[PDB]
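If you want the building blocks of each chain, they are given just below.
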Amino acid sequence: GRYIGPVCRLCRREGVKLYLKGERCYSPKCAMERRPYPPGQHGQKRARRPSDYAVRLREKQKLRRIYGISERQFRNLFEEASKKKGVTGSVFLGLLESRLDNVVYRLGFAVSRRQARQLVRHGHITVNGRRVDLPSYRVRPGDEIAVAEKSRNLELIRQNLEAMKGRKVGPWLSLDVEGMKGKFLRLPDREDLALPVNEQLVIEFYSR
Amino acid sequence: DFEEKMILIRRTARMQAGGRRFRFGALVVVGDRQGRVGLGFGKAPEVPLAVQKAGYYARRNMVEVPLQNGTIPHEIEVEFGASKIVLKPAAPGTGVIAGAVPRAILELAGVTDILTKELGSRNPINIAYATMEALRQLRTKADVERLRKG
Amino acid sequence: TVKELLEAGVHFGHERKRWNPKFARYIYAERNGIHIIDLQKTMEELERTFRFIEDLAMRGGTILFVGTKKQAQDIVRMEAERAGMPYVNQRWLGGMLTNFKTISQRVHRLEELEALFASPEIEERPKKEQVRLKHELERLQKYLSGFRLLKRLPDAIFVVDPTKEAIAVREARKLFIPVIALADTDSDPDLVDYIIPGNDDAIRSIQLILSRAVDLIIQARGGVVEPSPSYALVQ
Amino acid sequence: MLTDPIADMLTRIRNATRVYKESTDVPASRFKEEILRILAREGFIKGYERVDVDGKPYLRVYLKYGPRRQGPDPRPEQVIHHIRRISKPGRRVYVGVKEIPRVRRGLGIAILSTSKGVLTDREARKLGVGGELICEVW
RNA sequence: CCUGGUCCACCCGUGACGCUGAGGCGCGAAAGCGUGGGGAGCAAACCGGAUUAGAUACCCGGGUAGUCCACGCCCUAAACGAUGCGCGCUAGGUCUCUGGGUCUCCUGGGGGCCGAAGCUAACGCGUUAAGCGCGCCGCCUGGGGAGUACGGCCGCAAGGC
RNA sequence: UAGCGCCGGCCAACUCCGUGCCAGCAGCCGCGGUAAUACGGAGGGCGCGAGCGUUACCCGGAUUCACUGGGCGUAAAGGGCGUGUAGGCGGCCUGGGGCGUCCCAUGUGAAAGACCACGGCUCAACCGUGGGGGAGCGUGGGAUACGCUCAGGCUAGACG
Ligand SMILES: [K+]
Ligand SMILES: [K+]
Ligand SMILES: [K+]
Ligand SMILES: [K+]
Ligand SMILES: [K+]
Ligand SMILES: [K+]
Ligand SMILES: [K+]
Ligand SMILES: [Mg+2]
Ligand SMILES: [Mg+2]
Ligand SMILES: [Mg+2]
Ligand SMILES: [Mg+2]
Ligand SMILES: [Mg+2]
Ligand SMILES: [Mg+2]
Ligand SMILES: [Mg+2]
Ligand SMILES: [Mg+2]
Ligand SMILES: [Mg+2]
Ligand SMILES: [Mg+2]
Ligand SMILES: [Mg+2]
Ligand SMILES: [Mg+2]
Ligand SMILES: [Mg+2]
Ligand SMILES: [Mg+2]
Ligand SMILES: [Mg+2]
Ligand SMILES: [Mg+2]
Ligand SMILES: [Mg+2]
Ligand SMILES: [Mg+2]
Ligand SMILES: [Mg+2]
Ligand SMILES: [Mg+2]
Ligand SMILES: [Mg+2]
Ligand SMILES: [Mg+2]
Ligand SMILES: [Mg+2]
Ligand SMILES: [Mg+2]
Ligand SMILES: [Mg+2]
Ligand SMILES: [Mg+2]
Ligand SMILES: [Mg+2]
Ligand SMILES: [Mg+2]
Ligand SMILES: [Mg+2]
Ligand SMILES: [Mg+2]
Ligand SMILES: [Mg+2]
Ligand SMILES: [Mg+2]
Ligand SMILES: [Mg+2]
Ligand SMILES: [Mg+2]
Ligand SMILES: [Mg+2]
Ligand SMILES: [Mg+2]
Ligand SMILES: [Mg+2]
Ligand SMILES: [Mg+2]
Ligand SMILES: [Mg+2]
Ligand SMILES: [Mg+2]
Ligand SMILES: [Mg+2]
Ligand SMILES: [Mg+2]
Ligand SMILES: [Mg+2]
Ligand SMILES: [Mg+2]
Ligand SMILES: [Mg+2]
Ligand SMILES: [Mg+2]
Ligand SMILES: [Mg+2]
Ligand SMILES: [Mg+2]
Ligand SMILES: [Mg+2]
Ligand SMILES: [Mg+2]
Ligand SMILES: [Mg+2]
Ligand SMILES: [Mg+2]
Ligand SMILES: [Mg+2]
Ligand SMILES: [Mg+2]
Ligand SMILES: [Mg+2]
Ligand SMILES: [Mg+2]
Ligand SMILES: [Mg+2]
Ligand SMILES: [Mg+2]
Ligand SMILES: [Mg+2]
Ligand SMILES: [Mg+2]
Ligand SMILES: [Mg+2]
Ligand SMILES: [Mg+2]
Ligand SMILES: [Mg+2]
Ligand SMILES: [Mg+2]
Ligand SMILES: [Mg+2]
Ligand SMILES: [Mg+2]
Ligand SMILES: [Mg+2]
Ligand SMILES: [Mg+2]
Ligand SMILES: [Mg+2]
Ligand SMILES: [Mg+2]
Ligand SMILES: [Zn+2]
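1. Concerning the overall build of chain D
Moving on, step 1. When you go through chain D residue by residue, the secondary structure sums to three helices and eight strands.
Moving on, step 2. Mapped from its N terminus to its C terminus, chain D presents α and β elements in the order α-β-α-β-β-β-β-β-β-α-β.
Moving on, step 3. Its C-alpha radius of gyration of 16 Å places chain D within 12% of the 14 Å reference for a compact globule of 138 residues.
Moving on, step 4. Reported as C-alpha extents along the three principal axes, the dimensions of chain D are approximately 45 × 40 × 25 Å.
Moving on, step 5. For chain D, the computed accessible surface area is about 7600 Å², with 49% contributed by carbon and sulfur atoms.
Moving on, step 6. Separation of charge centres in chain D, based on 29 positive and 17 negative side chains, amounts to 5 Å.

In structure tokens, the structure reads:
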């Protein structure tokens, strides 16, 4: 499914500016920079005080639509995190960040997460030399996420890695722009992520 | 400095020659999330006045909660009327698992991980009073050894 | 401060009935169906009570004297008309402490009417108001005679009969105000923070206790005052 | 007669402390005395002593209370907030060493009768033996 | 006249002989049944008089079974404190019945009222607990259908469990 | 290739028209008799997505058969009362036994499954390897506070 369709309507409905197109969510064209109200005929009307279930559902939907992961994989990852020892929320965020498509996005190979998903699915991304075409692939600490030697001549990768010159990467990632590769150093901490999501709200949403 | 959240708002009715006349009641919890909570039930002919009065009464009735790493020091069990509240400490990463009323009361108290259960009557007023008395009957190890000095 | 042997008539309590079991610790024995107070525990508690009174007085605190038993009214009305501790004499109005702001508004109206009768505005707005406000000021002075001195909540209260003045005691408990009281056998000592186990019906007991207490108050602030002119109220 | 003398003693202590009594007399027995040893050791009571009533031996338990509190209800806080018999006649409760409960997550005690005497939850756990779960006190 | 229970005082005797109690067994208001007797008053059914729109009622005049007795059945109830029994523990005040005692009063048993703590959804309970505990038995699991049907046991029947 | 359900409250999502206790909807409360956010259609929205709904069944919530964990004055519930059989329960002290109870050691607890770790199919599902377990029962040895039993003693219960 992948929800494929309009994206900045989620930028509007969630009330927080999301980055689903990469660019144009920074440019004054996101429609969140100019239309912050939710979509539909009844978007500009006075909003009623939402229920607690409303708040938790909206927060979980925000966190899910940020990564573009379906409800099935999302709930499975949450249950997997809850089975493990440690804080459920931080482990859940580390699991979501460990996805191959999200790592490709974080490493600057793609401008958006869905563009990264298409780059992975089409075999333009390799892991430790071997080609991997699975967005749900879990990257372990130490894996070298590289670009296919046959794909390093493509225009989009040239553009993205030409813009990545001088740009800093996450504290848990390393980037080699000349070799067009990177390394997943460690699992990111909660302080490492600046996501506008309260993970405890999602934990309480699935606690029901 | 003080967070304020309403539990429930209801409209009661008294009978008078001519018809029924309404009066609004509202529960309000106030907390600094540092270990202090307060519960208040305010009644007024209109809703905003009732909410303000409940906030005043809540700020007037405070309870110091002995938090121990975001959780409770020991499991408690309080019967208020027919409503029973059961509280139990939890390890971090668990979250607050409670009904709406106790979740709000404990969140405003500064609790982050706890396990609760409502038994008997599910009345929100009595459940709130039972949770308040539960937080009031909390003792620390320091308090325990203080009571057994002799 | 020299009331060791001069306690003549304080040991007499109430009858066998109309007592409180919690007072049994402060009772010596029963002579002719009348509870008699233990003479030793009387001064035993008097030490601590008068020590608290001295500590609170030398710090500049205010004590509210409450008396309505019709046997201590004329005594409290002058023992508190000494060093400026206020008093309540005719009857204790519900909410004088918990609803202190509204009673202070009543006091504002009292001094307002006192200012109107001090200004030449008495003649305007003719005799109808000149009688209405006259009676209003009369009853305001009747009820708020000593209470008008309280600018804020008192730091302690003094009671003559905590059973007769139970409402004032309860209001003091609600506001965490210390409760000093001359308790008898018909009262609950647990509610009293500083107990004085004496008699509440006799006039000499009340006169002795309150006179020595106000003397201790003025002694804590220096300038020992002459003996109180309450002896003539023996009648 | 008394069906459960131990529960009778526990209820005597409960009813005594609930009215803030000075001491309470319970019909004396070596078992009750060995329990009162644990009580006075853990600070729930000021102590106990053997006494004699008109013809028969009793045990005076001297109760313990907190400081007098402020505001309404100045009655002090109870030192024995809760004392409940567990292994009653007709349903006797025996637990292994790995089945000894932790009362109030440590703030309470559990009195056990084991083959090595009358112990507490932590005492029996340190000794490594279980037995009859007499009562829980906290 | 025969006879049961119970309370107190003395501290005399036995030495845990105790508590509860599925079944079983017996007692069990009134009404009702059988046999015999009795039958004043009352009185189902019934005979009438009124009232009423009608009055198979209330009101009025009569009146049988019955009410009564002996013997044998029947096993029901708002059989009610709508609160099973026993023991211990937990403020008092007042009224009363009944003992004992240094007989203003104390102490023991019983019957009421008000109330400490406490309990209760509340009303209320509160040393005669509905409080705090322990032991044992009985019973409850939404309302109607229904205390009906079936089966069994009991009963002369009505009918009961 | 994108579909399916929902948008009165529980429960996330609102307007227009049609209809007029009609036609219908409905898990529960309930909605419709002229201006329906509940019927029917449309627009819009919410939720999932190669699925979405429905029905049936099981556990859950349900502390609503209450061992953990409920009750019986007035809400369902104390037997009409007693006598008493079996059964359940048993005041204080000493000793013997060691049945209940407890402890140690040991055997048993197949594999698969479950849990944890690593690894193999590009991931996963799936699978492999290793690790950790565990009540119960058998055996040997030990403990005796409590419950039990036996023997004796005491008088506070009980009876005389
Ligand atoms: K290719
Ligand atoms: K309670
Ligand atoms: K005949
Ligand atoms: K009945
Ligand atoms: K007599
Ligand atoms: K039609
Ligand atoms: K519709
Ligand atoms: Mg977790
Ligand atoms: Mg977990
Ligand atoms: Mg505290
Ligand atoms: Mg209850
Ligand atoms: Mg319920
Ligand atoms: Mg319900
Ligand atoms: Mg075992
Ligand atoms: Mg430690
Ligand atoms: Mg003898
Ligand atoms: Mg003998
Ligand atoms: Mg019997
Ligand atoms: Mg029977
Ligand atoms: Mg009969
Ligand atoms: Mg008859
Ligand atoms: Mg006959
Ligand atoms: Mg005949
Ligand atoms: Mg006649
Ligand atoms: Mg007729
Ligand atoms: Mg008529
Ligand atoms: Mg006619
Ligand atoms: Mg007649
Ligand atoms: Mg005749
Ligand atoms: Mg006949
Ligand atoms: Mg009756
Ligand atoms: Mg009955
Ligand atoms: Mg009933
Ligand atoms: Mg009874
Ligand atoms: Mg009596
Ligand atoms: Mg009463
Ligand atoms: Mg009370
Ligand atoms: Mg009341
Ligand atoms: Mg009782
Ligand atoms: Mg039924
Ligand atoms: Mg039914
Ligand atoms: Mg029926
Ligand atoms: Mg019948
Ligand atoms: Mg039949
Ligand atoms: Mg037959
Ligand atoms: Mg018939
Ligand atoms: Mg018939
Ligand atoms: Mg029948
Ligand atoms: Mg809604
Ligand atoms: Mg529909
Ligand atoms: Mg269904
Ligand atoms: Mg129309
Ligand atoms: Mg319309
Ligand atoms: Mg509609
Ligand atoms: Mg649509
Ligand atoms: Mg399906
Ligand atoms: Mg179900
Ligand atoms: Mg269940
Ligand atoms: Mg449950
Ligand atoms: Mg059911
Ligand atoms: Mg149970
Ligand atoms: Mg129930
Ligand atoms: Mg009965
Ligand atoms: Mg037997
Ligand atoms: Mg027997
Ligand atoms: Mg024994
Ligand atoms: Mg036996
Ligand atoms: Mg032995
Ligand atoms: Mg053995
Ligand atoms: Mg296995
Ligand atoms: Mg399982
Ligand atoms: Mg692998
Ligand atoms: Mg093992
Ligand atoms: Mg063995
Ligand atoms: Mg031995
Ligand atoms: Mg013997
Ligand atoms: Mg005798
Ligand atoms: Zn955008």
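2. Description of the arrangement of the chains
Moving on, step 1. Counting contacts across all three pairs of chains that touch, the top pair turns out to be chains B and D.
Moving on, step 2. Chain C makes no contact with chain B, the minimum C-alpha separation between the two being 11 Å.
Moving on, step 3. Chain D makes no contact with chain A, the minimum C-alpha separation between the two being 22 Å.

3. Considering the interface of chain C and chain D
Moving on, step 1. Across the boundary between the two partners, chain C contributes seven residues, which contact six residues of chain D.
Moving on, step 2. Here chain C and chain D share an interface that buries about 530 Å² over both sides, 53% of which is from carbon and sulfur atoms.
Moving on, step 3. Linking chain C with chain D are one salt bridge.
Moving on, step 4. Residue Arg68(D) pairs with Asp193(C) through a salt bridge whose shortest N-O separation is 2.6 Å.

4. Quick look at the protein's contact with RNA strand E
Residues and elements named next belong to chain D.
Moving on, step 1. Lining the immediate environment of RNA strand E, one finds 22 residues, of which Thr3, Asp8, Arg14, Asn15 and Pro89 sit closest.
Moving on, step 2. When the atoms of RNA strand E within 4 Å of the protein are sorted by group, sugar and phosphate make up 84%.
Moving on, step 3. One nitrogen or oxygen atom from the main chain of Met1 is found 3.2 Å from a sugar or linking oxygen belonging to RNA strand E.
Moving on, step 4. Looking at the surface near RNA strand E, its residues break down into seven nonpolar, five polar and 10 charged.

5. Some remarks on helix 6 (residues 203-220) of chain C
All names here are of chain C.
Moving on, step 1. Along its 18 residues, helix 6 runs 26 Å from first to last C-alpha, staying within 8% of the 26 Å computed at 1.5 Å per residue.
Moving on, step 2. When we look at burial in helix 6, the residues that qualify are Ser205, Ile206, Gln207, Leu208, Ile209, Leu210, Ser211, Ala213, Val214, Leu216, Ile217 and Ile218.
Moving on, step 3. If you follow the buried residues of helix 6, they end up packed against helix 1 (39-58), strand 4 (63-66), helix 2 (73-79), strand 6 (156-159), strand 7 (179-183) and strand 8 (194-197).
Moving on, step 4. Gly222, located one to two residues past helix 6, shows a positive phi value of around 70°.

6. Some remarks on the interface of chain D and chain B
Moving on, step 1. If you look at the interface, chain D gives 13 residues, while chain B gives 13 residues.
Moving on, step 2. Taken together, both faces of the contact between chain D and chain B bury some 1200 Å²; the carbon and sulfur share is 52%.
Moving on, step 3. Area buried by chain D at its contact with chain B is led by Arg104(D), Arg105(D) and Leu107(D), which between them contribute 52% of it.
Moving on, step 4. Linking chain D with chain B are two salt bridges, by the criterion used here.
Moving on, step 5. Here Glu77(D) ties to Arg139(B) by a salt bridge, and the two come within 2.6 Å at their closest N and O atoms.
Moving on, step 6. The interface formed by chain D and chain B contains five residue pairs in polar contact.

7. Quick notes on the protein's contact with RNA strand F
Moving on, step 1. Near RNA strand F, the surroundings consist of 57 residues, among which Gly1(A), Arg9(A), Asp133(A), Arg122(B) and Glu132(D) are the closest.
Moving on, step 2. Taken together, the sugar and phosphate atoms account for 77% of what RNA strand F places within 4 Å of the protein.
Moving on, step 3. Within the contact set of RNA strand F, a phosphate oxygen lies 3.1 Å away from a backbone nitrogen or oxygen of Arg72(A).
Moving on, step 4. A distance of 3.0 Å separates a sugar or linking oxygen of RNA strand F from a polar atom in the backbone of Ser115(D).
Moving on, step 5. For the surface near RNA strand F, the secondary structure elements donating two or more residues are helix 1 (8-13), helix 2 (52-67) and helix 3 (71-83) of chain A, strand 8 (114-120) of chain B together with helix 2 (30-42), strand 5 (94-95), strand 6 (109-114) and strand 7 (117-119) of chain D.
Moving on, step 6. A per-element tally of the surface near RNA strand F places helix 2 of chain A first, with eight residues.
Moving on, step 7. Classifying every residue of the surface near RNA strand F by side-chain character gives 19 nonpolar, 17 polar and 21 charged.

Thresholds applied
Residues numbered from 1 in each chain as written, not as in the entry; some residues may be left out. Chains lettered and ligands numbered in written order. Part of a larger assembly, values for the part shown. Heavy atoms only, no water. Residues with missing side-chain atoms left out of burial classes, pairs and counts. Helix = DSSP H or I, 4+ residues; strand = E, 2+ residues; numbered from the N terminus. Rg over C-alpha atoms; globule rule 2.2 N^0.38 Å. Areas by Shrake-Rupley, 256 points an atom, 1.4 Å probe, with all protein chains shown as cover. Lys, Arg positive; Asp, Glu negative; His and termini not counted. Charge placed at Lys NZ, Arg CZ, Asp CG, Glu CD. Contact = heavy atoms within 4.5 Å. Buried area = accessible area lost by both parts, 1.4 Å probe. Salt bridge = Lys/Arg side-chain N within 4 Å of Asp/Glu carboxyl O. Near = heavy atom within 4 Å. Polar contact = N/O pair within 3.5 Å; in protein donor to acceptor, adjacent residues only side chain to side chain. Nonpolar A, V, L, I, M, F, W, Y, C, P; charged D, E, K, R; others polar. Expected span 1.5 Å × (residues − 1). Buried < 20%, exposed > 50% of the residue type's maximum accessible area, 1.4 Å probe, protein only.

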